[PDB]
Each structure stands twice: as C-alpha cells, then as structure tokens.
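Worksheet for the structure shown next.
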Amino acid sequence: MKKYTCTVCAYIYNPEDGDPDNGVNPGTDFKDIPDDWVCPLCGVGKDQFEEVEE
Ligand SMILES: [Fe+3]
C-alpha cells in the first residue's frame, strides 16, 4: 500500500499506521478511507492528497 501526502500541509498518511483517532484503522488503503475524512493537521479533504510514488 502506498503513502499519500496532503498537498496543502505536507502531512503523510501511512497505511501501516492509519489514523485511528478519526476511525481509520491501521491497514486501511487510502482509497478505502471514508470520503468525508479530512487531513488531521489542516482539515482539507481527500481530493487535495496525492500518492507518494517512489
Ligand atoms: Fe493537510
């Protein structure tokens, strides 16, 4: 699974860690996060995130 970055603030969503305080368990692929989830740091939506291709 790939890491995704918030292009507004640079937060990184790591699928290994998830975002458990907001209901996103470890092991959740970014595509499967509920589409009303927002960046935990800056509050923007998923449409401002991009795949971290390496
Ligand atoms: Fe952000």
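Taken together, the values in this text are just the output of simple stated rules run on the coordinates, not laboratory data. As a convention, Cβ positions derive from the backbone with ideal geometry for all residues, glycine included, and neighbour counts pool all protein chains shown.
Scanning residues 5 or more positions from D19 or on other chains, those with amide H under 5 Å from its amide H are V24, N25, with H placed 1.01 Å from N in the peptide plane. Equivalent ellipsoid of the chain: semi-axes from √(5λ) of the C-alpha gyration tensor, largest first, are 15, 14, 9 Å. Put a plus charge on the Cβ of each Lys and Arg, a minus charge on the Cβ of each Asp and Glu, and nothing anywhere else: the dipole of the chain about its Cα centre is then about 80 debye.
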